[PDB]
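Asks: Below is the structure I would like to discuss, written out as structure tokens.
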Amino acid sequence: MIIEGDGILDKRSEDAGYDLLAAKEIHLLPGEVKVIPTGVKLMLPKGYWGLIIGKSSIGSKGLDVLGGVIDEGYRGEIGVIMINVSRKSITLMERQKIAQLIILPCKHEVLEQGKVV
Amino acid sequence: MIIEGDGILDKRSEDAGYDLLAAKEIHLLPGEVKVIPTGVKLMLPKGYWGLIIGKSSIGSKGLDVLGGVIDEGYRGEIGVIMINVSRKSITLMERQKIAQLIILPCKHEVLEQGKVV
Amino acid sequence: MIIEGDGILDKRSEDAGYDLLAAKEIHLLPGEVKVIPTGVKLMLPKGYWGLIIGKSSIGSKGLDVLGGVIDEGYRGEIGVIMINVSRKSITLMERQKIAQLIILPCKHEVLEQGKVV
Ligand SMILES: O=c1ccn([C@H]2C[C@H](O)[C@@H](COP(=O)(O)O)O2)c(=O)[nH]1
Ligand SMILES: O=c1ccn([C@H]2C[C@H](O)[C@@H](COP(=O)(O)O)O2)c(=O)[nH]1
Ligand SMILES: O=c1ccn([C@H]2C[C@H](O)[C@@H](COP(=O)(O)O)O2)c(=O)[nH]1
Ligand SMILES: [Mg+2]
Ligand SMILES: [Mg+2]
């Protein structure tokens, strides 16, 4: 797919997602929420959406990823919503790996009001 | 698919999930976990499951979604498990958008005890 | 698929994921992150990855699952990264159900540097 920016990395065939980098240094105190920018935009292929999910290295540090749904039509820059849910302060270096992007299939249903049994 | 209730909204073709609304007003103090009700039930199509995932607007407020797996056979009402992982108190208005439902494909494997190399 | 270990349970046709058990007793104080071991390894089918996601029973207790992406090529033992984001202490008994594994499809794209409109 078409992407702009260098905040996203090519992956191998055997990996599920693309590593996303932090565009600038970020400090987070316990309980702080900050939207970390990546500087990348992309054109998800028709019929698919992107899921931002955490990496074990940052997660093991007590950092979590919130939200995480990239809609196919989105063209803005991708941002990773991170929170320090640990009890110690953390600094994420610039261009550090903070999350992963996984491309998944779309399923559109019509909503039918009825009675589910 | 068949649904009952008005706590879920039709989406566009370009969106990955359906917005879920809160059935009643909810207050959450830092560190509090509450199962927010939506009032909706649904009949997921055979071969698929539903994933409840967070929205960037509430997530940016320090709210996270836990659990999140709707099994195809479930017919009960859908509930969103939310926690205030931020350091400030939050109130979710009635019928406010709190999460998103995404329909994904099922893959059933048989478990073979063996030796993975 | 081929698995080794008894920390993972067969599921029904109607369930989305396989329950994962804790290999040993674990205590977690508010705000503590610990990688809970399961003792299971597996050979994900080619073309798929595994997603570790939370269960409503533990999630309703204020426990969250971080990270969660099993790459198809991984052969090591599966570990569940858990954090107590609640305000009370928790003990997870040995062989207790702590998470769920869901198998999802892989989508590999080539990264094309361009200009997204
Ligand atoms: O963690 C996230 C979640 C969302 N978006 C973007 C891309 C989506 O298309 C858009 C959607 O908004 P919500 O539906 O999450 O509010 O926001 C991000 O950059 N990061
Ligand atoms: O956040 C959640 C998670 C689960 N369920 C429901 C629908 C599922 O079929 C059922 C499954 O239970 P667990 O397997 O998550 O314990 O609970 C919810 O309403 N909300
Ligand atoms: O919650 C998790 C996340 C990852 N892994 C394993 C399997 C993956 O193939 C590997 C990948 O590492 P990261 O890409 O998450 O850093 O770690 C786990 O056991 N548990
Ligand atoms: Mg999550
Ligand atoms: Mg979380």
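Every chain in the structure tokens has a letter given in the order shown (A, B, ...), and although residue numbers restart at 1 in each chain, ligands are simply numbered from 1 in the order shown.
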Compile the contact shell of residue A:82 as a count of residues only: residues with an atom at most 8 Å away, counting only C-alpha atoms, same-chain residues fewer than 2 positions apart removed.

Replies: 10

Asks: Quick one: contact table of chain B to ligand 1, 6 Å max, nearest atom pair and distance in Å to one decimal per residue, counting only C-alpha atoms and all ligand atoms, chain and number order, as a Markdown table?

Replies:
| residue | atom | partner | partner_atom_place_in_ligand_line | distance |
| --- | --- | --- | --- | --- |
| B:55 | CA | ligand 1 | 15 (O) | 3.9 |
| B:56 | CA | ligand 1 | 15 (O) | 3.9 |
| B:57 | CA | ligand 1 | 16 (O) | 5.3 |

Asks: Using only C-alpha atoms, can you tell me which of B:73, B:62, B:17, B:79 comes closest to chain C?

Replies: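 Distance minimum relative to chain C lands on B:73.
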
Asks: Which residue is closest to ligand 2? Choose from B:40, B:2, B:16, B:26 and count only C-alpha atoms and all ligand atoms.

Replies: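 Checking each of B:40, B:2, B:16, B:26 against ligand 2, counting only C-alpha atoms and all ligand atoms, the winner is B:40.
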
Asks: Please report, as a Markdown table, each residue of chain B lying at most 8 Å from chain A, together with the nearest pair of atoms and the separation in Å rounded to one decimal; use only C-alpha atoms, and order rows by chain and ascending residue number.

Replies:
| residue | atom | partner | partner_atom | distance |
| --- | --- | --- | --- | --- |
| B:1 | CA | A:111 | CA | 5.5 |
| B:2 | CA | A:112 | CA | 4.6 |
| B:3 | CA | A:113 | CA | 5.2 |
| B:4 | CA | A:113 | CA | 5.6 |
| B:5 | CA | A:113 | CA | 7.5 |
| B:10 | CA | A:111 | CA | 6.4 |
| B:13 | CA | A:108 | CA | 6.7 |
| B:14 | CA | A:73 | CA | 5.7 |
| B:15 | CA | A:71 | CA | 5.5 |
| B:16 | CA | A:71 | CA | 5.8 |
| B:41 | CA | A:116 | CA | 7.0 |
| B:42 | CA | A:116 | CA | 6.2 |
| B:43 | CA | A:116 | CA | 6.2 |
| B:53 | CA | A:67 | CA | 6.7 |
| B:54 | CA | A:67 | CA | 4.3 |
| B:55 | CA | A:67 | CA | 4.8 |
| B:56 | CA | A:67 | CA | 4.8 |
| B:59 | CA | A:66 | CA | 5.5 |
| B:60 | CA | A:33 | CA | 6.6 |
| B:61 | CA | A:33 | CA | 7.3 |
| B:62 | CA | A:33 | CA | 6.0 |
| B:63 | CA | A:66 | CA | 7.9 |
| B:64 | CA | A:66 | CA | 6.3 |
| B:75 | CA | A:116 | CA | 6.9 |
| B:85 | CA | A:31 | CA | 6.5 |
| B:86 | CA | A:31 | CA | 5.1 |
| B:87 | CA | A:31 | CA | 5.7 |
| B:102 | CA | A:107 | CA | 7.9 |
| B:103 | CA | A:107 | CA | 5.9 |
| B:104 | CA | A:107 | CA | 6.9 |

Asks: Could you write those residues out with N, CA and C atoms, as a short mmCIF file (atom, residue, chain, number, x, y, z; two decimals), in the first residue's frame?

Replies:
data_model
loop_
_atom_site.label_atom_id
_atom_site.label_comp_id
_atom_site.auth_asym_id
_atom_site.auth_seq_id
_atom_site.Cartn_x
_atom_site.Cartn_y
_atom_site.Cartn_z
N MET B 1 -27.15 -7.99 9.94
CA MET B 1 -27.53 -8.97 11.00
C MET B 1 -28.68 -8.43 11.84
N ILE B 2 -29.32 -9.33 12.57
CA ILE B 2 -30.44 -8.97 13.42
C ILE B 2 -29.94 -8.43 14.75
N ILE B 3 -30.49 -7.30 15.16
CA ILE B 3 -30.12 -6.71 16.43
C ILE B 3 -31.40 -6.27 17.10
N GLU B 4 -31.33 -6.01 18.40
CA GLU B 4 -32.50 -5.57 19.14
C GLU B 4 -31.95 -4.39 19.90
N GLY B 5 -32.69 -3.30 20.00
CA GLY B 5 -32.17 -2.18 20.75
C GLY B 5 -31.66 -1.04 19.91
N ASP B 10 -25.76 2.30 12.79
CA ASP B 10 -25.40 1.89 11.44
C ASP B 10 -24.13 2.63 11.11
N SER B 13 -19.88 2.46 4.71
CA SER B 13 -19.14 1.39 4.07
C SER B 13 -17.68 1.51 4.42
N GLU B 14 -17.20 2.74 4.53
CA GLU B 14 -15.79 2.99 4.83
C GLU B 14 -15.35 2.88 6.28
N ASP B 15 -16.28 2.64 7.20
CA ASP B 15 -15.94 2.51 8.61
C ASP B 15 -15.83 1.05 8.98
N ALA B 16 -14.90 0.75 9.88
CA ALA B 16 -14.68 -0.62 10.34
C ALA B 16 -15.69 -1.10 11.36
N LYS B 41 -28.60 -6.38 21.83
CA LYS B 41 -28.31 -7.79 21.71
C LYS B 41 -28.15 -7.96 20.22
N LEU B 42 -27.52 -9.03 19.77
CA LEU B 42 -27.43 -9.20 18.35
C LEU B 42 -27.19 -10.64 17.95
N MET B 43 -27.41 -10.91 16.67
CA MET B 43 -27.20 -12.25 16.15
C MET B 43 -26.07 -12.16 15.15
N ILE B 53 -13.86 -2.58 20.70
CA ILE B 53 -12.59 -1.91 20.81
C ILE B 53 -12.85 -0.44 21.06
N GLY B 54 -11.88 0.23 21.66
CA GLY B 54 -12.07 1.62 21.99
C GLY B 54 -12.07 2.65 20.88
N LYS B 55 -12.64 3.80 21.21
CA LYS B 55 -12.71 4.92 20.29
C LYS B 55 -11.65 5.92 20.74
N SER B 56 -11.05 6.64 19.81
CA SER B 56 -10.01 7.60 20.17
C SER B 56 -10.48 8.74 21.07
N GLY B 59 -10.74 7.19 24.56
CA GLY B 59 -9.43 6.71 24.95
C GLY B 59 -8.50 7.86 25.28
N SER B 60 -8.62 8.95 24.55
CA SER B 60 -7.75 10.09 24.80
C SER B 60 -8.08 10.71 26.12
N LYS B 61 -9.10 10.20 26.78
CA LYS B 61 -9.52 10.72 28.07
C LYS B 61 -9.01 9.81 29.16
N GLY B 62 -8.28 8.77 28.78
CA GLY B 62 -7.74 7.87 29.78
C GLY B 62 -8.67 6.75 30.16
N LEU B 63 -9.59 6.40 29.26
CA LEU B 63 -10.54 5.33 29.51
C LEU B 63 -10.14 4.15 28.63
N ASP B 64 -10.16 2.93 29.16
CA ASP B 64 -9.79 1.76 28.38
C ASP B 64 -10.93 0.74 28.37
N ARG B 75 -26.19 -14.37 23.03
CA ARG B 75 -27.45 -13.70 22.69
C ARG B 75 -27.82 -12.70 23.76
N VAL B 85 -8.29 4.65 33.77
CA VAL B 85 -6.89 4.43 34.09
C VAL B 85 -6.17 5.77 34.12
N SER B 86 -6.95 6.84 34.08
CA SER B 86 -6.38 8.18 34.13
C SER B 86 -6.37 8.62 35.59
N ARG B 87 -5.95 9.84 35.86
CA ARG B 87 -5.90 10.31 37.23
C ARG B 87 -7.01 11.30 37.55
N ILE B 102 -16.55 -4.36 15.95
CA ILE B 102 -15.98 -4.76 14.68
C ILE B 102 -16.22 -6.25 14.48
N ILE B 103 -16.74 -6.64 13.33
CA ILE B 103 -17.01 -8.04 13.04
C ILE B 103 -15.84 -8.70 12.33
N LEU B 104 -15.31 -9.76 12.93
CA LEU B 104 -14.17 -10.45 12.36
C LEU B 104 -14.42 -11.94 12.16
#

Asks: Nearest to ligand 5 among A:52, A:44, A:12, A:90, with distances taken over only C-alpha atoms and all ligand atoms: which residue is it?

Replies: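 Going through A:52, A:44, A:12, A:90 one by one, the smallest distance to ligand 5 is for A:52.
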
Asks: What's the separation between atom CA of residue B:29 and atom CA of residue B:100, in Å to one decimal place?

Replies: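 Atom CA of residue B:100 lies 22.5 Å from atom CA of residue B:29.
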
Asks: By how many Å are atom CA of residue C:28 and atom CA of residue C:93 apart?

Replies: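 Separation of atom CA of residue C:28 and atom CA of residue C:93: 11.5 Å.
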
Asks: Near residue A:20, within 6 Å and counting only C-alpha atoms, which residues show up once chain neighbours fewer than 6 positions away are dropped, as a compact mmCIF listing (two decimals) with N, CA, C and O atoms, in the first residue's frame?

Replies:
# COMPACT_ATOMS: atom_id res chain seq x y z
N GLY A 7 7.94 6.72 9.53
CA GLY A 7 7.67 6.24 10.87
C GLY A 7 7.10 4.83 10.92
O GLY A 7 6.68 4.38 11.98
N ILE A 8 7.08 4.15 9.78
CA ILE A 8 6.56 2.78 9.70
C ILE A 8 7.57 1.90 8.98
O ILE A 8 8.12 2.31 7.97
N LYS A 97 10.50 2.19 18.86
CA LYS A 97 9.34 1.37 18.48
C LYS A 97 8.33 1.41 19.61
O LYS A 97 8.65 1.02 20.73
N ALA A 99 4.61 0.73 18.85
CA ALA A 99 3.43 -0.05 18.53
C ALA A 99 3.58 -0.78 17.19
O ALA A 99 4.58 -0.64 16.51
N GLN A 100 2.54 -1.52 16.83
CA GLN A 100 2.50 -2.34 15.62
C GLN A 100 1.20 -2.14 14.85
O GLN A 100 0.14 -2.01 15.45

Asks: Please determine, counting only C-alpha atoms and all ligand atoms, which residue among A:88, A:25, A:11, A:77 has the shortest atom-to-atom distance to ligand 3.

Replies: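 With only C-alpha atoms and all ligand atoms as the atom set, the closest residue is A:11.
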